[PDB]
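J.: After the C-alpha cells below, expect a handful of questions from me.
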Amino acid sequence: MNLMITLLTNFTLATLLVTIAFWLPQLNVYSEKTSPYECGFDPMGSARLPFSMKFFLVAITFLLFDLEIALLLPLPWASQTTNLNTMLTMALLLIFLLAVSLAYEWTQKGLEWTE
Amino acid sequence: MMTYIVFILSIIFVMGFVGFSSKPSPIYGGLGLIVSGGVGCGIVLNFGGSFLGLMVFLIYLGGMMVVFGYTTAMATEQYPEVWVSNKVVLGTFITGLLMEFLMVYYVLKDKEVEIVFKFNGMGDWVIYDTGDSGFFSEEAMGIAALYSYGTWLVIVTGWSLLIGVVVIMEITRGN
Amino acid sequence: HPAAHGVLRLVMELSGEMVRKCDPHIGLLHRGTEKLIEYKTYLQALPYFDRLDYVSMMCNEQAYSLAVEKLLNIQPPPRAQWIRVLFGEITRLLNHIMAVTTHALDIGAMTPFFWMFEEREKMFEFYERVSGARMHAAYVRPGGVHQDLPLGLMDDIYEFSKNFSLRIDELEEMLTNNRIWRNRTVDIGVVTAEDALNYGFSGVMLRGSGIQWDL
Amino acid sequence: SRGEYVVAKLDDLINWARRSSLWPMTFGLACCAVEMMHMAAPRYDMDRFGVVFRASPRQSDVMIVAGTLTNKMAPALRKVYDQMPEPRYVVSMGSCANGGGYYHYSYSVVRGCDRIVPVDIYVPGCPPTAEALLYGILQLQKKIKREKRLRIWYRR
Amino acid sequence: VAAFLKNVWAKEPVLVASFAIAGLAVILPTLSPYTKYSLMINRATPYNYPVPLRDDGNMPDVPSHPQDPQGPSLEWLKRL
Amino acid sequence: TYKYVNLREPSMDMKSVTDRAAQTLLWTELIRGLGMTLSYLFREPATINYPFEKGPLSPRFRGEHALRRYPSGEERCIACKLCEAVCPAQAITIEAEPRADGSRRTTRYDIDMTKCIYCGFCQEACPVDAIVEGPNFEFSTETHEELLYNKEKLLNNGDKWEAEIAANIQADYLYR
Amino acid sequence: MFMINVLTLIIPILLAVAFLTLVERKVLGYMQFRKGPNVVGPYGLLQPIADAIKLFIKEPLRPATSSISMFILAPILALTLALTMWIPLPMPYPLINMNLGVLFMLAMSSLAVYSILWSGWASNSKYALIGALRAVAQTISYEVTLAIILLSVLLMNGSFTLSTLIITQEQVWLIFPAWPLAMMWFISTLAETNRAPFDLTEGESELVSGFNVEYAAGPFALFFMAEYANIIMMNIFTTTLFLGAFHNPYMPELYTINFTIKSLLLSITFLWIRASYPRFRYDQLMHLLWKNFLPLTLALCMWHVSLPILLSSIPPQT
Amino acid sequence: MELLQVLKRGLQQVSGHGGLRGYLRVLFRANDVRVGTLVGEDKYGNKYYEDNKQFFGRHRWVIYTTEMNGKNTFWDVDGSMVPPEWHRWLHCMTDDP
Amino acid sequence: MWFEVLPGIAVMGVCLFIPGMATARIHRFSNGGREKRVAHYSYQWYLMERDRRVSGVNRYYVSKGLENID
Ligand SMILES: CCCCCCCCCCCCCCCCCC(=O)OC[C@H](COP(=O)([O-])OCC[N+](C)(C)C)OC(=O)CCCCCCCCCCCCCCCCC
Ligand SMILES: CCCCCCCCCCCCCCCCCC(=O)OC[C@H](COP(=O)(O)OCCN)OC(=O)CCCCCCCCCCCCCCCCC
Ligand SMILES: CCCCCCCCCCCCCCCCCC(=O)OC[C@H](COP(=O)(O)OCCN)OC(=O)CCCCCCCCCCCCCCCCC
Ligand SMILES: CCCCCCCCCCCCCCCCCC(=O)OC[C@H](COP(=O)(O)OCCN)OC(=O)CCCCCCCCCCCCCCCCC
Ligand SMILES: CCCCCCCCCCCCCCCCCC(=O)OC[C@H](COP(=O)(O)OCCN)OC(=O)CCCCCCCCCCCCCCCCC
Ligand code: SF4
Ligand code: SF4
Ligand code: SF4
C-alpha cells in the first residue's frame with residue numbers, strides 16, 4: 001500500500017518540475033536555435049547511422065555473467081542448510097567454473113577490443 | 001476495485017506485450033519489455049515471490065540494456081518507427097489492444113470465459129492460503145536448496161554456461 | 001570545443017570511437033598578417049609578432065629583432081642581450097606552464113592549472129613592470145630593448161625563481177607518478193626519429209624522439 | 001497599487017537570480033582568451049561571483065567574444081549565439097572583437113563582432129586585463145539588475 | 001619454481017594474490033577442526049515444532065519432560 | 001650537455017618487488033596526490049576582493065589615452081602628426097589649421113579605441129609630451145560609438161587624470 | 001500521515017543536493033588555491049537559490065530532430081528513480097523496511113542507466129550517442145563486480161535486509177574484516193555514478209557535454225539533482241555497509257548524527273578524489289574491473305563463503 | 001594552544017567594526033570583515049585602509065561610500081569611483097598616500 | 001580561510017539530520033510511543049494480527065496486559 005503511494009508521490013514531484021519549467025518563462029522559438037549542436041557547424045550525416053561497436057564480445061560475456069553470478073546470490077541462505085559439505089563443494093565448483101570461463105576469455109584475447 | 005490489483009497489473013503486462021510484440025523499432029520494443037518486466041515482477045511479488053521478481057527484473061534490465069547497445073550499434077534505421085510511422089505496426093497494435101480490452105470486458109460481465117481453457121472472473125485473492133509460514137519464506141528456502149539438493153542441476157548448468165562462453169568465443173572469430 | 005585550442009575544425013572519420021581519418025581544417029584565425037606587414041614599416045610591424053604566438057611574446061620579438069639586426073649589420077649592447085635572454089627564459093617558463101597545465105586540463109587534471117596560474121600571474125606582473133603591458137609587451141626592438149629595468153625588479157625575480165622550484169616539485173608530485181596520468185600517455189603518439197625529421201618537426205617533437213638537437 | 005509593488009519585487013528577484021548566476025561559455029579565439037583564463041585564475045576568481053564556465057551553449061547564459069572574429073568563423077559564431085536560450089547576453093572584449101583592432105583593414109577579418117551578433121558590453125584593450133574583464137562582468141551584472149521586464153509587462 | 005613465482009609476482013601481483021586466496025579457501029576447510037561445530041549448530045536450530053511421540057511403553061531414550069536429563073543438550077554450544 | 005630523461009631501469013630484488021606490489025595493491029601515490037590536495041586545502045587563497053582590493057600595477061601602465069597641458073592652461077599638442085604617422089593600426093586622425101592667435105593647434109584629434117592596440121608608440125613619439133597613455137583601465141562602455149574618442153573627450157580625460165599622469169611621468173621620465 | 005513522512009524524506013534531500021552544489025564548488029575552489037562563491041550572500045549561502053531560480057526561468061529548448069516523448073520521459077525517470085530509491089535506507093529506521101532492500105537498490109541502480117541511455121538516444125546528436133554508449137560500456141564494466149562485492153560482503157550479515165546491518169556491526173566495524181572489498185566497493189561506487197575519475201558521460205574534454213548537451217535549463221537541472229542525490233545515496237549506502245554506527249533504540253538521534261557525519265566525510269572524500277585525478281579512458285576502465293577487480297572479487301567470494309563454515313560463525317538469518 | 005587566540009581575534013574583528021551592526025554592514029557590503037588602520041578619506045566619503053601584515057595584493061583596500069554624485073551607491077559599488085590621487089596609492093603604484 | 005566551508009557543510013548536516021529522525025518521531029507518534037513493529041516473517045504478521053484483533057480498538061499498538069484476564 002505504501003510503496004505505490006511513495007512511487008506516485010515521487011513520480012508526481014518529478015513530473016511537476018517540467019510543466020513548471022515549460023509553462024512559466026517567456027519562450028521564443030525560431031528555426032535556428034533548435035538545430036542539433038555540432039560545435040557551430042552543421043553536421044555531416046545523421047545521428048541514426050550505424051555506430052560500429054567494439055566491445056560486443058564482452059557484452060555477450062556480461063549477458064552470461066549477470067545471471068551466472070545471479071545463481072550465486074542465494075549463498076547466504078544456503079549457509080543455513082543442514083547439509084553443509086555438499087553446499088560448500090557446489091558453491092566452490094560454481095565459482096571455479098566462473099574463474100575457468102574468465103581465464104579462457106582472457107587467454108584467447110577475448111577481452112581485447114576489435115580494430 | 002483494489003482487490004483486482006494483480007488483475008490490473010496483468011492487464012498492463014499484456015498491454016506491454018502487445019506494445020513490443022508489434023515490432024515498431026527495437027528501442028521502443030526494449031522500453032515495452034522493460035515495462036512488462038516491471039509489472040511482471042510486481043505480479044510475482046504480489047504472490048509472495050519478492051526474490052524471484054527482483055531477480056528477473058535485474059536480469060531483464062541488464063539484458064535489455066545490452067540489447068539497446070546492440071541496436072544502437074547494428075540494427076538501426078535512418079527513420080525509426082515509434083508506433084504510428086508504419087501503418088501495419090499501428091494497425092496491429094490497435095487490434096491487439098482492442099482484443100485485450102474486449103477480453104477484459106467479456107470476463108468482467110459474466111465472471112467466466114472460455115478461451116481454449118476455461119477461466120473464472122473473480123480476483124485471484126481467493127486462491128491464497130490462510131495459514132502462516134513460520135519464520136521462513138518458502139521461496140527463499142526453495143531456492144537455497146539448490147546447493148544442498150540440486151547438485152546435478154548445478155553441475156549441468158555450470159557446464160552449459162562454460163560451454164556457452166566457449167561457443168561465443170568460437171562463433172565470432174572469422175577464421 | 002573546450003578541447004580544441006580556440007579555433008580548430010577536425011573532421012574525423014571514426015569507426016565508432018576509434019579514429020580512421022583526421023582532417024584538421026584551419027584558417028578560422030587567419031588574419032592575413034604577412035600582407036599588412038608589407039603595408040607597414042619595421043617598427044610598425046614589430047607589434048605584429050606579439051600576437052602570432054600569444055604565449056611566447058618576447059620570443060617572437062627576439063626572432064624578428066634578430067632578423068632585422070642581421071639585415072641591418074648591427075648588434076645590440078651586451079646588457080640588452082642579457083636582458084633579452086633572461087626575459088626569453090621567463091617567456092619559456094610561461095609557455096611551458098601553459099602547455100603542461102592546459103594539456104593536463106584536457107586530459108582531466110584541472111588542479112595544476114590553478115596551481116601554476118599564480119606563477120603565470122607573477123611573471124605577467126614582471127612583464128607589466130618592465131614594459132607596461134601584461135602580455136603584448138612590444139619591449140624587444142631591433143637594436144636592443146626599448147627601456148631599462150625599473151629598480152628592484154631583480155630581487156623580485158630572484159624570490160620568484162627561489163619558490164618556483166617548489167612549485168615545479170608540487171606539479172611533478174601531482175602528475176608524474178600518477179598511474180592514471182601514465183595510462184593516458186605511456187603508449188600514445190609514438191613518433192620515430194626518421195618520421196619526425198621528414199615531417200618538419202622541430203623542438204620537443206625531436207627531443208622526445210631521442211634526436212639531440214637544440215638551437 | 002499593490003500589483004505594481006508585487007511585480008516590482010518579482011522583477012527584482014528574477015534580476016537578482018539571473019545576475020548572480022551568470023554561466024558563460026567556454027569560447028575563446030585568441031590572446032584575449034588567455035587573459036580570460038587569467039581572470040579564471042585563483043587571483044581574480046570569477047567563481048566568487050557565480051561566474052562558472054559551461055561547455056554547451058544550451059546550458060549557458062552569456063557569451064564572451066574573446067579574440068578575432070574572422071570571415072571563416074562568423075557563421076559558426078552566429079550559430080553558437082543562435083543556439084543559446086533566452087535571455088542571452090554578449091560581452092565583446094578586446095580590440096579585435098570590438099572594431100577589428102590591428103586587423104581592421106585585413107581582407108578576411110570581420111570588423112567587429114557587432115556585425116554578426118548583438119552586443120551588450122564592449123570591453124576595450126589589447127588585451128583588456130583580467131581586472132578590466134571582471135569590471136566588465138560586474139557592469140553587465142549592474143545592467144541586468146536595472147532591467148524592467150515585469151514592470152513593462154504590467155504597463156503594457 | 002622460485003624464479004617463475006618471483007617473475008609472476010613482479011609482473012602481475014593481483015593474479016598471485018587471487019590464486020593464493022583461492023588456494024587457502026579451497027584447502028583450508030578440510031584442515032580446520034571446526035566444521036562439525038557448524039554442522040551441529042545448523043542442525044540444532046529449531047525451525048519446526050518438535051512433534052511428540054505416542055508413549056507405547058518402551059522408549060528409554062526420549063524424555064517425558066524437556067527438563068528431564070535425557071535428550072540432546074547444547075551445553076557445548078553455550079561453552080564453545 | 002644533455003641528460004637521459006626517462007631511461008632509469010627498475011630493480012628486481014624481492015624487497016623492491018614487494019614494495020611495488022604493495023603500492024599496486026594499496027594505491028600509495030594516489031594517497032600522495034590526495035595528501036597534496038589536502039595540503040593545498042589549508043593554505044591562504046590568493047584571491048583579492050575586487051572592487052575593494054585592486055591588483056598591483058606599475059607606473060608604466062598603458063591604459064586610456066589622454067591629452068596633457070602645460071602648467072599655464074595651454075594644451076601641449078602642436079599638431080606635428082608624429083603619433084598618427086607612427087600608429088601601427090592607424091587609430092589616430094589629425095586635422096589642423098592656424099587658429100586666431102596664429103598658433104599651430106589641432107582642429108580634429110580622433111583616436112579609435114577599437115582600433116588602438118595600446119602599445120604606447122604615440123606617447124613615446126610625442127616630442128612635447130602631449131598625448132599620454134593614462135593608468136585608467138575601467139572605462140568599458142555599453143555602445144560601440146562611445147569608444148570613438150574625439151578631441152573633447154581626450155582633453156576631458158587629461159583634465160580628469162592630470163593629477164596622476166604628472167606623477168607617473170615624474171616617476172618614469174628618467175628611464176626615457 | 002505517510003504523506004508527511006514521504007515529503008519530509010524528499011524535501012530535505014533536495015535541499016541537501018542544492019547545498020551539495022554549494023559545498024562542491026567551495027571545497028573544490030579551496031583545494032585549487034582559490035575561493036568559492038561568497039558574494040551572493042553571507043559566505044555564499046544563497047548561491048544554490050540563485051542557480052535554482054535562474055534555471056527554472058530559462059527556455060526549455062526542445063529540439064526538432066529529437067523524439068519529444070522520450071526526451072521528456074528520460075529526466076522524469078531519472079529524478080523519479082533518484083527519489084524512490086532513497087527509501088530502504090535505515091536512518092536508523094527506514095521509511096520502507098524491505099526484506100530484500102539490497103536487491104531493490106541493485107535493481108533500481110540498474111534501472112537508472114536507462115535514463116542516461118534514452119537521453120542520449122532521444123536527442124538526435126552524435127555526442128549524445130557517444131555519451132550513451134560510454135554509459136553502456138561503464139555499466140557492463142562495473143555491474144557484475146559490484147554485485148559480487150555486495151554478495152561477498154553480505155555473507156557475514158546473514159540476509160539482504162538493510163535494517164539488520166546495524167546489528168551485524170554492533171560489535172566491530174565491517175571494514176576491519178572486509179577492507180579489500182571495501183576499497184573495491186568504493187571504486188565501484190565511484191564508477192557507478194559517472195563521477196571522476198570515471199566521468200566518461202558528461203565529459204567536458206572529449207565531448208562538449210555528452211548525453212545532456214541538448215538539454216537546456218529546466219530539464220538539465222533534473223540530471224544534476226539526480227546525480228547529486230545519487231552520490232549522497234552511495235555515500236550513505238557505503239556508510240551503512242562498512243561503517244555501522246552504535247544504535248540506541250531510546251535515542252535514534254545518536255545514530256542519526258553518527259551516520260550523518262560519516263556520510264559527510266564520505267562525500268568530502270568523493271570531492272577530494274574528484275579534484276586530484278585525471279580522467280580514465282573508457283576502454284581502460286573496461287579492462288580495470290574485468291581484469292584486476294574481478295579475479296580478486298571471485299577469490300574473496302570463495303574465501304568469504306568458506307570462512308564462516310571454517311570457524312562456526314555462520315550468521316543467523318533471523 | 002592557539003584555538004582560543006583565533007576566537008579572540010575573531011571577536012576583536014567583530015568589535016573593531018563598531019559593533020554588531022557595523023560588522024553586518026561591512027560583511028554584507030564588502031564580504032571581508034578584517035580591520036585595518038584608517039589611512040585616509042577623500043572628499044566623496046570613500047575610506048582607505050592599510051594592513052601591511054597581510055600578503056601582497058591584500059594590504060590596501062577601500063570601503064566605498066553610500067553617496068557619490070547624487071547616486072545611492074550603498075550596494076552598487078564601482079571600481080571607477082576612486083579619485084586619481086587615491087588611485088595611485090590603491091593600485092600599489094607608490095608607497096606614499 | 002578553509003573553515004568557511006564549514007557553514008555550508010553544517011547546513012548539509014541539517015539537511016541530513018531532518019528526514020531520518022523525523023521518521024523515528026513519526027514511528028513514535030502513530031505506534032503509541034513505541035517503535036513501529038517489523039514483520040519480516042509470517043509469524044510476526046500473525047502476532048500483529050492477533051494483537052490487532054485482541055486489542056478491541058482495531059489498533060495493534062494498544063497493548064492489553066495481564067489485568068485483562070480473570
Ligand atoms: C570504503 C573505505 C575507503 C576505501 C578507499 C577510499 C579512499 C582512497 C581512494 C584512492 C583513490 C582512488 C581513485 C581511483 C583509482 C582507480 C584505479 C584503481 O583502483 O586501480 C586498481 C588497481 C588495478 O591495477 P592497475 O590498473 O595498475 O593494473 C595493473 C595491470 N598490469 C599488471 C597488467 C600492468 O589495483 C587493484 O585492482 C587492487 C584492488 C585492491 C587490492 C587489495 C588487496 C588486499 C590484500 C590481498 C592479499 C595480499 C597478500 C598476498 C596473499 C596473502 C594470503 C594470505
Ligand atoms: C588451484 C588454485 C585455485 C584455482 C581456481 C580459482 C582461481 C581464482 C582466481 C581466478 C582468476 C581468473 C583469471 C585468471 C587468468 C589467468 C590467465 C591469464 O590471463 O594469464 C595472463 C597472465 C600474463 O599476463 P598477459 O599475458 O600480459 O595478459 C594480457 C593482459 N594483461 O598470466 C599470468 O600472470 C600467469 C597466471 C598463471 C600463474 C599464476 C600463479 C599464481 C601463484 C600463486 C601462489 C601459489 C598458489 C598455489 C595454488 C595453485 C595455483 C596454480
Ligand atoms: C512508461 C515508463 C514507466 C512510467 C512509470 C514509472 C513508475 C516507476 C518506475 C520505477 C519503480 C519500479 C518498481 C518495480 C517493482 C519494485 C518492487 C519493490 O520495490 O519491491 C520491494 C518490496 C519487496 O520486499 P518484500 O520482501 O516483498 O517484503 C514483504 C515483507 N514485508 O515490496 C514490498 O515490500 C511490497 C510493497 C507493495 C508492492 C505492490 C506490488 C508491486 C507494485 C508495482 C507497481 C508498478 C511498477 C511498474 C514498473 C515499471 C517499470 C518501467
Ligand atoms: C506583498 C509582499 C510580497 C510581494 C511578493 C514578493 C515576495 C518576495 C520576492 C523575493 C524577494 C524580492 C527582493 C529581492 C532582492 C531585492 C534587493 C536587491 O537586489 O538586493 C541586492 C542585494 C545584493 O546587492 P549587490 O548589488 O549584489 O551588492 C554587491 C555586493 N558587493 O541582495 C542581497 O543582499 C540578497 C537578496 C536575497 C533575496 C531573497 C533570497 C532569495 C529568494 C528566496 C525565496 C524564493 C526562493 C525559495 C527557494 C526556491 C528553490 C531553491
Ligand atoms: C535546512 C536549512 C536550509 C537553509 C536555507 C537558507 C540558508 C540561508 C539563510 C539566510 C541567511 C541570511 C541571508 C541574507 C540575505 C540578504 C538579506 C539582505 O540584506 O537583504 C537586503 C535586500 C535589500 O534591502 P534594502 O532595502 O537595500 O536595505 C536597506 C539597507 N539600509 O532586501 C532583500 O533582499 C529583501 C529581504 C530578503 C530576506 C531574505 C532572508 C533569507 C531567505 C533565505 C531563504 C530560505 C529561508 C529559510 C527556509 C527554511 C526555514 C523556514
Ligand atoms: S585585441 Fe589584442 S590581445 Fe585581444 S585577441 Fe586581438 S590582438 Fe590579441
Ligand atoms: S597606443 Fe599604439 S595603437 Fe594606440 S593610439 Fe597609440 S600608437 Fe596607436
Ligand atoms: S605626436 Fe604629440 S605633438 Fe605631435 S601631433 Fe601627436 S599629440 Fe600632437
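Please note that chains go A, B, ... in the order of the C-alpha cells, that every chain numbers its residues from 1, and that ligands are numbered from 1 in the order shown.
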Which residues are near ligand 7 in this structure, taking near to mean any atom at most 10 Å from a ligand atom and counting only C-alpha atoms and all ligand atoms? Format them as a PyMOL selection string.
T.: (chain C and resi 44+47) or (chain D and resi 101-102+125-126) or (chain F and resi 62-65+82-93+110-125+131-133)
J.: Throw together the list of residues within 7 Å of ligand 2, counting only C-alpha atoms and all ligand atoms, and drop it here as an MDAnalysis selection string.
T.: (chainID A and resid 96 99:100 102:103 106:107) or (chainID E and resid 5 8 11:12 15:20 22:23) or (chainID G and resid 295:296 298:299)
J.: Write out as a PyMOL selection string each polymer residue whose atoms come within 8 Å of range 8-13 of chain H, counting only C-alpha atoms; drop sequence neighbours fewer than 6 positions from it.
T.: chain H and resi 33-35
J.: Give me the residues near residue 260 in chain G as a ChimeraX atom specification, where near means some atom within 12 Å (using only C-alpha atoms) and where sequence neighbours in that chain fewer than 2 positions away do not count.
T.: /G:16,91-92,232-233,235-237,239-240,243-245,253-258,262-267 /I:9-21
J.: Keeping only N, CA, C and O atoms, write those residues as a short mmCIF file (atom, residue, chain, number, x, y, z; two decimals), in the first residue's frame.
T.:
data_model
loop_
_atom_site.label_atom_id
_atom_site.label_comp_id
_atom_site.auth_asym_id
_atom_site.auth_seq_id
_atom_site.Cartn_x
_atom_site.Cartn_y
_atom_site.Cartn_z
N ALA G 16 19.56 19.23 0.46
CA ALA G 16 20.91 18.68 0.59
C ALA G 16 21.63 18.66 -0.75
O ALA G 16 22.83 18.88 -0.80
N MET G 91 17.59 4.94 8.62
CA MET G 91 18.12 6.20 9.16
C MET G 91 17.57 6.54 10.54
O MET G 91 17.01 7.62 10.74
N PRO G 92 17.72 5.66 11.55
CA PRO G 92 18.11 4.25 11.69
C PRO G 92 16.94 3.33 11.37
O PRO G 92 17.10 2.12 11.27
N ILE G 232 25.02 11.13 -2.87
CA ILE G 232 24.73 11.11 -1.44
C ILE G 232 24.20 9.74 -1.02
O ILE G 232 24.54 9.23 0.05
N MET G 233 23.39 9.11 -1.88
CA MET G 233 22.83 7.81 -1.52
C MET G 233 23.91 6.73 -1.54
O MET G 233 23.90 5.83 -0.70
N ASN G 235 27.05 7.35 -0.78
CA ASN G 235 27.81 7.59 0.44
C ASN G 235 27.11 7.00 1.66
O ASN G 235 27.74 6.36 2.51
N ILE G 236 25.79 7.19 1.75
CA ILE G 236 25.02 6.64 2.87
C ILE G 236 25.01 5.12 2.83
O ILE G 236 25.12 4.45 3.87
N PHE G 237 24.90 4.54 1.63
CA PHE G 237 24.92 3.09 1.46
C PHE G 237 26.26 2.50 1.88
O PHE G 237 26.30 1.47 2.55
N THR G 239 28.36 3.91 4.00
CA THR G 239 28.44 4.08 5.44
C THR G 239 27.68 2.99 6.18
O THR G 239 28.16 2.44 7.17
N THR G 240 26.48 2.65 5.69
CA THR G 240 25.70 1.58 6.31
C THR G 240 26.38 0.22 6.12
O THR G 240 26.36 -0.62 7.03
N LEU G 243 30.58 0.95 7.78
CA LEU G 243 30.89 1.81 8.92
C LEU G 243 29.69 1.92 9.85
O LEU G 243 29.25 3.01 10.23
N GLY G 244 29.11 0.77 10.21
CA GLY G 244 27.93 0.72 11.05
C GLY G 244 28.12 1.33 12.43
O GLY G 244 29.00 0.91 13.19
N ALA G 245 27.29 2.30 12.76
CA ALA G 245 27.45 3.08 13.98
C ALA G 245 26.67 2.46 15.13
O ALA G 245 25.82 1.57 14.95
N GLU G 253 18.73 9.71 17.68
CA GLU G 253 19.48 10.88 17.24
C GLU G 253 20.98 10.65 17.28
O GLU G 253 21.72 11.26 16.51
N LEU G 254 21.45 9.76 18.17
CA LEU G 254 22.86 9.41 18.20
C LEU G 254 23.29 8.75 16.89
O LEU G 254 24.30 9.14 16.29
N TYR G 255 22.52 7.76 16.44
CA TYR G 255 22.81 7.11 15.16
C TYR G 255 22.65 8.08 14.00
O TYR G 255 23.41 8.02 13.03
N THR G 256 21.66 8.98 14.08
CA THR G 256 21.46 9.94 13.00
C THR G 256 22.65 10.88 12.87
O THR G 256 23.15 11.11 11.77
N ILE G 257 23.15 11.40 14.00
CA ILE G 257 24.32 12.27 13.98
C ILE G 257 25.55 11.51 13.50
O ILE G 257 26.34 12.02 12.68
N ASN G 258 25.72 10.26 13.96
CA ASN G 258 26.90 9.48 13.60
C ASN G 258 26.95 9.18 12.11
O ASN G 258 27.97 9.44 11.45
N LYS G 262 29.48 10.69 9.17
CA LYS G 262 30.24 9.73 8.37
C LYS G 262 29.95 9.87 6.88
O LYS G 262 30.87 9.82 6.05
N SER G 263 28.68 10.06 6.51
CA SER G 263 28.34 10.26 5.10
C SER G 263 28.87 11.60 4.59
O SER G 263 29.24 11.70 3.41
N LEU G 264 28.90 12.62 5.45
CA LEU G 264 29.51 13.89 5.05
C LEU G 264 31.00 13.72 4.78
O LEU G 264 31.52 14.26 3.80
N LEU G 265 31.70 12.95 5.62
CA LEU G 265 33.11 12.67 5.37
C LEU G 265 33.31 11.87 4.09
O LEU G 265 34.28 12.09 3.36
N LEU G 266 32.39 10.95 3.79
CA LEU G 266 32.49 10.18 2.56
C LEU G 266 32.28 11.06 1.33
O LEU G 266 32.97 10.90 0.31
N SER G 267 31.34 12.00 1.39
CA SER G 267 31.15 12.93 0.28
C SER G 267 32.35 13.86 0.12
O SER G 267 32.74 14.20 -1.01
N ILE I 9 28.60 23.13 4.84
CA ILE I 9 28.62 21.72 5.22
C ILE I 9 27.69 21.48 6.41
O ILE I 9 26.92 20.52 6.43
N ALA I 10 27.71 22.40 7.38
CA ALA I 10 26.83 22.30 8.54
C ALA I 10 25.37 22.33 8.11
O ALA I 10 24.55 21.57 8.64
N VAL I 11 25.04 23.17 7.12
CA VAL I 11 23.68 23.18 6.58
C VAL I 11 23.35 21.82 5.98
O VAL I 11 22.27 21.27 6.22
N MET I 12 24.31 21.25 5.24
CA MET I 12 24.18 19.88 4.74
C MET I 12 23.92 18.90 5.87
O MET I 12 23.08 18.01 5.73
N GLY I 13 24.61 19.09 7.00
CA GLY I 13 24.36 18.25 8.16
C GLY I 13 22.92 18.34 8.62
O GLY I 13 22.27 17.31 8.84
N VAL I 14 22.38 19.56 8.68
CA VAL I 14 20.97 19.73 9.00
C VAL I 14 20.12 19.09 7.91
O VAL I 14 19.14 18.40 8.20
N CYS I 15 20.54 19.24 6.66
CA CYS I 15 19.83 18.63 5.55
C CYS I 15 19.95 17.12 5.53
O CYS I 15 19.21 16.46 4.80
N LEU I 16 20.87 16.55 6.31
CA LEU I 16 20.92 15.11 6.50
C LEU I 16 20.49 14.70 7.90
O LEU I 16 20.51 13.51 8.22
N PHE I 17 20.10 15.66 8.74
CA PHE I 17 19.60 15.34 10.07
C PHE I 17 18.08 15.33 10.14
O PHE I 17 17.52 14.54 10.90
N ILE I 18 17.42 16.17 9.36
CA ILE I 18 15.96 16.32 9.38
C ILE I 18 15.20 15.04 9.03
O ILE I 18 14.34 14.64 9.84
N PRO I 19 15.43 14.35 7.86
CA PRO I 19 14.48 13.30 7.45
C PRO I 19 14.42 12.10 8.38
O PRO I 19 13.34 11.78 8.90
N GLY I 20 15.58 11.47 8.63
CA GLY I 20 15.59 10.16 9.27
C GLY I 20 15.02 10.17 10.68
O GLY I 20 14.14 9.37 11.00
N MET I 21 15.48 11.12 11.51
CA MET I 21 14.94 11.26 12.85
C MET I 21 13.45 11.55 12.81
O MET I 21 12.69 11.06 13.67
#
J.: Which residues are near range 310-318 of chain G? Cut-off 6 Å, only C-alpha atoms, ignore same chain within fewer than 6 positions. Put them as an MDAnalysis selection string.
T.: (chainID E and resid 29 34:35 37:38) or (chainID G and resid 158:159)
J.: Output the contact residues of chain G with respect to chain B at a cut-off of 7 Å, based on only C-alpha atoms, as number ranges by chain.
T.: G: 103-104, 107, 110-111, 133, 136
J.: Find the residues near ligand 1. Use a cut-off of 7 Å, count only C-alpha atoms and all ligand atoms, and write them as a PyMOL selection string.
T.: (chain C and resi 179) or (chain E and resi 11-14+17+20-21) or (chain F and resi 24-27+30-31) or (chain G and resi 179-180+182-187+197+238+242+269+273+288+292-293)
J.: Hey, what's within 8 Å of residue 18 in chain B if we count only C-alpha atoms and toss same-chain stuff fewer than 5 positions away? As a list in words, please?
T.: residues 93, 96 and 97 of chain B
J.: Hey, can you spit out that residue selection with C-alpha atoms as a PDB file, in the first residue's frame?
T.:
ATOM      1  CA  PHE B  93      -1.038  -2.558 -32.052  1.00  0.00           C
ATOM      2  CA  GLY B  96      -4.004  -6.150 -30.032  1.00  0.00           C
ATOM      3  CA  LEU B  97      -5.220  -3.551 -27.539  1.00  0.00           C
TER       4      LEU B  97
END
J.: Please provide as a list in words all residues within 10 Å of residue 115 in chain G, with the sequence filter that same-chain residues fewer than 5 positions apart are discarded (counting only C-alpha atoms).
T.: residues 70, 71, 73, 74, 75, 76, 77, 78, 79, 81, 120, 121, 132, 211 and 223 of chain G
J.: Convert the current residue selection to file output with C-alpha atoms, as a compact mmCIF listing (two decimals), in the first residue's frame.
T.:
# COMPACT_ATOMS: atom_id res chain seq x y z
CA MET G 70 11.39 10.04 -24.72
CA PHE G 71 13.11 13.44 -24.42
CA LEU G 73 10.34 10.86 -20.13
CA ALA G 74 14.08 10.37 -19.54
CA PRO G 75 14.78 13.19 -16.99
CA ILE G 76 11.46 12.42 -15.28
CA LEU G 77 12.53 8.79 -14.94
CA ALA G 78 15.97 9.89 -13.71
CA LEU G 79 14.59 12.15 -10.96
CA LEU G 81 14.40 6.74 -9.66
CA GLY G 120 21.49 10.14 -25.38
CA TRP G 121 19.36 8.33 -27.96
CA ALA G 132 25.04 6.92 -24.14
CA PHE G 211 24.27 12.99 -23.17
CA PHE G 223 20.01 15.35 -14.22
J.: I'd like a table as CSV: residues in chain F with an atom no more than 12 Å from chain H, each row giving the shortest atom pair and its distance in Å to one decimal, only C-alpha atoms counted, sorted by chain and rising residue number.
T.:
residue,atom,partner,partner_atom,distance
F:44,CA,H:55,CA,9.4
F:45,CA,H:55,CA,10.4
F:46,CA,H:57,CA,8.6
F:47,CA,H:58,CA,8.7
F:48,CA,H:58,CA,6.3
F:49,CA,H:32,CA,7.8
F:50,CA,H:79,CA,8.1
F:51,CA,H:79,CA,5.3
F:52,CA,H:62,CA,5.1
F:53,CA,H:61,CA,4.9
F:54,CA,H:91,CA,5.7
F:55,CA,H:57,CA,5.8
F:56,CA,H:92,CA,5.0
F:57,CA,H:91,CA,5.7
F:58,CA,H:93,CA,5.3
F:59,CA,H:93,CA,5.7
F:60,CA,H:93,CA,9.2
F:61,CA,H:93,CA,9.5
F:134,CA,H:84,CA,10.5
F:135,CA,H:88,CA,8.8
F:136,CA,H:80,CA,8.6
F:137,CA,H:80,CA,9.0
F:138,CA,H:80,CA,6.1
F:139,CA,H:80,CA,7.9
F:140,CA,H:80,CA,10.4
F:157,CA,H:84,CA,11.4
F:158,CA,H:84,CA,11.5
F:159,CA,H:84,CA,11.1
F:160,CA,H:84,CA,8.0
F:161,CA,H:84,CA,6.2
F:162,CA,H:84,CA,8.5
F:163,CA,H:85,CA,6.5
F:164,CA,H:84,CA,5.7
F:165,CA,H:84,CA,9.0
F:166,CA,H:85,CA,10.9
F:167,CA,H:88,CA,8.8
F:168,CA,H:93,CA,8.8
F:171,CA,H:94,CA,9.6
F:172,CA,H:93,CA,11.6
